[PDB]
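# Reading the structure
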Amino acid sequence: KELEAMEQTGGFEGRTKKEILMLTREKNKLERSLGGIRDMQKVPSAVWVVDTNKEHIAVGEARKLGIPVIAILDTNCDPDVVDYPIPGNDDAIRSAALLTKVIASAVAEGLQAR
Amino acid sequence: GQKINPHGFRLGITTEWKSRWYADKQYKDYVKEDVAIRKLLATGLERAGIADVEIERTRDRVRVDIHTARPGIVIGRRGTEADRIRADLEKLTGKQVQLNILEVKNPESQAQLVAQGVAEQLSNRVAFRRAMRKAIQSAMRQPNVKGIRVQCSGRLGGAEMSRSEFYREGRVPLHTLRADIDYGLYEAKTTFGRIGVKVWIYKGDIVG
RNA sequence: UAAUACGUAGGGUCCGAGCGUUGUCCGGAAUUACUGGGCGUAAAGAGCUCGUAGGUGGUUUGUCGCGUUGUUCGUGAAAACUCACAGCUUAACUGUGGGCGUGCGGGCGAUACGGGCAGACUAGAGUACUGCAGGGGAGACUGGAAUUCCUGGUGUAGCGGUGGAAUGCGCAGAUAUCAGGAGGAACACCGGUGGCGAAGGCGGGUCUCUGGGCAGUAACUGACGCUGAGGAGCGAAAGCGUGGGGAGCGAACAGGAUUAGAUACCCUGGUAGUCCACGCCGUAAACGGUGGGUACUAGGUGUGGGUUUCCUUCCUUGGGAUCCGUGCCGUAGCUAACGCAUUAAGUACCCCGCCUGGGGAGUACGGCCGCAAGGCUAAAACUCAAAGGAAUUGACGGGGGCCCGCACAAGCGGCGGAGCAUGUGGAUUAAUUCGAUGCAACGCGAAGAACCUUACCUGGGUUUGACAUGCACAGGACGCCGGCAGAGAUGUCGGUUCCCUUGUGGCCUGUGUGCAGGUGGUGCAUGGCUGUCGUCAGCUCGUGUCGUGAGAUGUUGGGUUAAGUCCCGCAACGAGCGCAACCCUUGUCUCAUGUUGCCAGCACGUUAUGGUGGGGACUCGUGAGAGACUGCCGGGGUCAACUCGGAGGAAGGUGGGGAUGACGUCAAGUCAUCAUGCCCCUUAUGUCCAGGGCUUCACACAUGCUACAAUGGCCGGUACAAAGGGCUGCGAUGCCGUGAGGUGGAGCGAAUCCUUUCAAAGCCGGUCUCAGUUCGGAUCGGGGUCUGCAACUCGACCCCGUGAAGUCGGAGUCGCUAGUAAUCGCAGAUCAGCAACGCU
């Protein structure tokens, strides 16, 4: 909020121009990093997990509470401890287009039937 | 010579002189007048702590100023102790003592007063842990304390050792030249021996 | 010397007619582990197998009731222990009545389990049949290269050896080279996380004799199996005995060589021994540091052996599936962790070995075996309070990878050589005041030691004092100006004898009471201040995840940097104190700013000249702001940073130098700048006094300068810098003195005036003409100046005469990358005048 409201307020060349370059870098890094705690505030609900094989290191971070961890399974990983798997296919763009609209469908209809 | 005084180093720019005058032949004279002044002051009154002492000289007037948050302890209420002060100052012969006494605004962001209060707490019978911790808390809850560093040293708690352990919080960039800094070095008695205390208080920047 | 841990004070806790100590036994001690432990590395798996006694044992039918199990009688003396009672003033103690008295003998009931008996079965086991490999062993015979050596040919003067050399082999004909011959060990490539064997261990080839192993059928017998105290047998290399043989290598041994000395690594020679036969010993890191045997217990992965369906060409790491053997990765699980993880260190039973703190000691004595060497079994006294295993942080490394600093290299001038200028060491000493101690001290605390300072010594006075303050008692004057005794301290006359306003005071005379003071000690009691590694780039925190924990992570890995500065991918996300930068000075420009300084354009003085009006134009002194920001170019570059050459500029790639010391160590230094906790002096380690010292020197160490000359010595003539200092002081011109110096004071709190209108190198003319010299100046004898009351220890300065060492410096070292180094001189804080040639 501070960073964005600074660049919104618009006070730049009262400081260093290279510092303006660096503030844009700050917002660029903070944008590749941060989308959702802008809106969260709600002690999140522990659910959708991704890329177990490559980042097994997330097993320690998320499961700790056991409130459901949930994904489309990975083909050959440390399987059944955690509450909610879903089989399927990992690879293909087309398959992903299909699953993407499927979540679009389920999420929008769950919103509507709220 | 590990860290010179930020007051003495920013003196040219950001902090300001404590005795303003001009003299050519009377310089030596005015300084010896001034030190005898401040010594008799501190030797007379010690129960409530002086925050600042400033002096100025003119053709015939003399303007001595004393900041302290607790005036009623320091001053003559009826005029007793303040007239005693004028008496000492007339023995030393300032000859026109417009003694403007003042109380400060923020006793907990006044570095010297805070160090003196903690030093008194130590010198009575007390430990240093709770005093240091509560000092940090009391300073940092107020608005302008952006960073502090409170540095207590001595035979702390009677441990027969030259010790040095400090508690800080916030931002204390002493190299930030433009920013106002307040320094206080105060040495306090104790049953075992003497303790030293230093405190740095950072305050914003200055634009100008 | 400052103890809650010693002795005593008070005090408090515990117990109580007892309280503590001693001695032994049990427990704690899961520390002999039947209940209830272990063997990969902590102590612990025999060197490996065969196997006697023994222990243990697949499936099923039937049977005995031996074990075992159930009840009953018999028994378990009494006293004990415990439950319920009664009583001894209760209790202690006593008795009553039970339970146990844990086991034993007889009968009876049960037969699941163990066992015995009579069988049977085929999954275990062995065998059989057919294939399959393989350095498995033993013997006989045999092969080629290669090394050395004896014959001869060509042949010449070295060859060999190392980090470098010499002993040595040769110069009588070596080495080298070539043909032949003699010889006795080891078999390059095949050959390797690769096969065989129980293990050690096994590879030139052919033959012969023999052994185990795997697979397929599973025809055959029907639990025969597993282990194994003892015991027997096998068993690397070295060593022993008898004989032969001996090329190479090679302990011992000899010589050369490095070395403080090298009985050692290096070199040159070389004996046993290594080799074969036959008898020995019986040890090893004989290590997978994991005893054997059987089964269950995710997979993936190479690789070896034999079977076999599928795509089948059906010739193939084809692929699939099973059996055996082998190496890597990996869950569960286990572990102190390291790590093992279907070839288990986990899962359970069978058998065995073995351990119970280290050291003494696997030693002694006794015995067995041994030709000997010596192996096996195997203690104790006594002593230590631990020895030890695994992993972490730090440091270190004559381990490594990547980097920077005048760290070396390059180029210059020095030290060490002589003279003296100062600062220390050691020894003198009545006193030579104290501290500082490689880097980070020694031109240090000093920035000016004759008295003073000064803290030290001889001699003298002082003692609530050299100066104060709190009390009261006795005071109203106290000092100051001159005199005398006096080295001075100090005691003594002449002149000063108050203003308050009746209560007392400024004040000082005493009396002592509180005392006042210390340069007396602890800088390892403390604070404060400061140097140092180091202006080197790092050092930490939050919250988290990992780890039983110390702790890790972030802060690892690439690009990249002056640097934890930055970018990129990741159990880290974020941040601070740091590095950068807003500070000063210098480097450029626009405007103003006009004297106490410039003075181009102008008019006026002319002996000294901006000297005077006049222009603020250039200078300019003082202030404010733009100018460097890889700013833009195009080729490179995770396209990111990071660079490469440009324009423009006064400066361009952190303009330059400055200021600035991350957390802390060196218990760094200063109780003598100062502050101060504790100990001591007090009739004195305080204190007032004059004299003397801190400058003693047969020497040592260190810092610097002045020199060893012609780029130089000497006279004379000519022009320029920056820069500051100043009042009870800087001192101008004139004149006199040789010259330091001098009455005197112009002008001056000072962009003016003293500061020659400010210099020395340098330039022009000439001499000296390479040598103890016109170099060099010590050192002394005298003639003198200034300041200070006072120049002997002890001051600086001019003049006369004086004329010493020194003819370019040793092993190594020091400082320097640009306006730097080397050289010339100036100015000054401190300071009356000085060693100041230091310091800035």
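Residues numbered from 1 in each chain as written, not as in the entry; some residues may be left out. Chains lettered and ligands numbered in written order. Part of a larger assembly, values for the part shown. Heavy atoms only, no water.

Short version of the rule: UniProt positions are given in the numbering used here, feature names are shortened, and annotations may be inferred rather than shown by experiment.
The name given to chain B in the PDB entry is 30S ribosomal protein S3, with Mycobacterium smegmatis as the source organism. The PDB lists this entry under the title "Cryo-EM Structure of Mycobacterium smegmatis 70S C(minus) ribosome 70S-MPY complex". Under Function, UniProt gives the following word-for-word description of chain B: "Binds the lower part of the 30S subunit head. Binds mRNA in the 70S ribosome, positioning it for translation."

Naming follows the PDB entry, where chain A appears as 30S ribosomal protein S2 of Mycobacterium smegmatis.

### As for the overall build of chain A
We count it as follows: Secondary structure follows DSSP: runs of H or I at least 4 residues long count as helices, runs of E at least 2 residues long count as strands, and numbering of each begins at the N terminus. Computation of the radius of gyration draws on C-alpha atoms, with the globule rule given as 2.2 Å multiplied by the number of residues to the power 0.38. Only protein chains enter the accessibility calculation, which uses a 1.4 Å probe; a residue is then buried when its area is under 20% of its type maximum, exposed when over 50%, and partly exposed in between. Every residue pair with non-hydrogen atoms within 4.5 Å of one another is taken to be in contact. Using the Shrake-Rupley algorithm and a 1.4 Å probe, accessible areas are obtained, with residue cover drawn only from the displayed protein chains.
Counting its regular elements, chain A contains four helices and zero strands. From first element to last, N terminus to C terminus, chain A shows the α and β order α-α-α-α. Taking 13 Å as the expected radius of gyration for a compact globule of 114 residues, we find that chain A reaches 20 Å, considerably beyond that expectation. Based on the C-alpha atoms only, the size of chain A along its principal axes is roughly 55 × 35 × 30 Å. Sorting the 114 residues of chain A into buried and exposed places 4% on the buried side. Counting contacts in chain A only where the partners sit at least 6 residues apart, residues at least 24 apart contribute 15% of the total. Of the roughly 10700 Å² that chain A leaves accessible, carbon and sulfur atoms contribute 58%.

### Structural notes on the overall build of chain B
For clarity, the cut-off: The positive count covers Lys and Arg only, the negative count covers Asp and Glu only, and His and the chain ends enter neither. Working definition for charges: the position is that of NZ of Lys, CZ of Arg, CG of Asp or CD of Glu.
Counting its regular elements, chain B contains six helices and eight strands. Reading chain B from its N end, one meets helices and strands in the order α-β-α-β-β-α-α-β-α-α-β-β-β-β. Computed over the C-alpha atoms, the radius of gyration of chain B is 19 Å, within 12% of the 17 Å expected from 2.2 N^0.38 for a compact globule of 208 residues. Considered along the principal axes of its C-alpha atoms, chain B spans approximately 50 × 45 × 30 Å. For chain B, the proportion of its 208 residues judged to be buried stands at 38%. Partitioning the contacts of chain B with sequence separation of at least 6, the portion at a separation of at least 24 is 60%. For chain B, the accessible area works out to roughly 13700 Å², and carbon and sulfur atoms hold 49% of it. A gap of 5 Å separates the mean positions of the 39 positive and 25 negative side-chain charges of chain B.

### So, the protein's contact with RNA strand C
Cut-off, in case you're wondering: Put simply, a residue is near a molecule or strand once any heavy atom of it comes within 4 Å of that molecule or strand. Each residue is assigned to one of three groups, with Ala, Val, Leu, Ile, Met, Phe, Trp, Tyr, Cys and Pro labelled nonpolar, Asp, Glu, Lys and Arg labelled charged, and all others, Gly among them, labelled polar.
In the vicinity of RNA strand C there are 40 residues, among which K18 and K29 of chain A together with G1, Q2 and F192 of chain B approach most closely. Backbone sugar and phosphate groups make up 82% of those atoms of RNA strand C lying within 4 Å of the protein. The biggest single contributor to the surface near RNA strand C is helix α2 (residues 17-33) of chain A, with four residues. Looking at the surface near RNA strand C residue by residue, the classes come out as 13 nonpolar, ten polar and 17 charged.

### Details of the sheet that holds strand β5 (residues 147-154) of chain B
All names here are of chain B. To be explicit about the condition: Pairing between two strands requires that DSSP report at least two bridges joining them. Only the stretch in contact is used when a helix axis is fitted, and all axes are lines through C-alpha atoms; the angle between N-to-C directions ranges over 0 to 180 degrees.
Strand order across the open sheet formed by four strands is β6-β5-β8-β7, with antiparallel pairing between neighbours. Of all the strands in the sheet, just β6 (163-169) and β7 (180-188) have a single pairing partner and so form its edges. Between one strand and the next, the sheet's axes are offset by a mean angle of 10°, whatever the strand orientation. Sitting on the sheet, helix α5 (residues 111-124) is in contact with β7 and β8 (195-203), with an inclination near 25° to β7.

### Considering the sheet that holds strand β4 (residues 100-102) of chain B
All names here are of chain B. The four strands are arranged β1-β2-β3-β4 in an open sheet whose pairing can be described as mixed. A strand with exactly one partner marks an edge of an open sheet, and here the two such strands are β1 (19-20) and β4. Where strand β2 (residues 52-57) lies against strand β3 (residues 62-67), six bridges are found, and the strand directions are antiparallel. Counterpart to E56 in the pairing with β3 is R63. With respect to the sheet, helix α2 (residues 27-44) is in contact with β1 and β2, its orientation differing from that of β2 by roughly 145°.

### Some details on the packing of aromatic side chains
All names here are of chain B. The following threshold applies: Stacked, tilted and edge-to-face are the three classes applied to pairs of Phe, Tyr and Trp rings, where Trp contributes its six-membered ring and a pair requires centres within 6.5 Å; stacked means planes under 30 degrees apart, edge-to-face means over 60, and tilted covers the rest.
Evaluated as defined, the whole model comprises three aromatic pairs over all chains. Arranged with centres 6.0 Å apart and planes meeting at 50°, the rings of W21 and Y27 form a pair that is tilted. Taking the centre distance of 6.2 Å and the plane angle of 50° together, the rings of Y183 and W200 count as tilted. Taken together, the residues span a long stretch of sequence, with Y183 in strand β7 and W200 in strand β8 at a distance of 17 residues.

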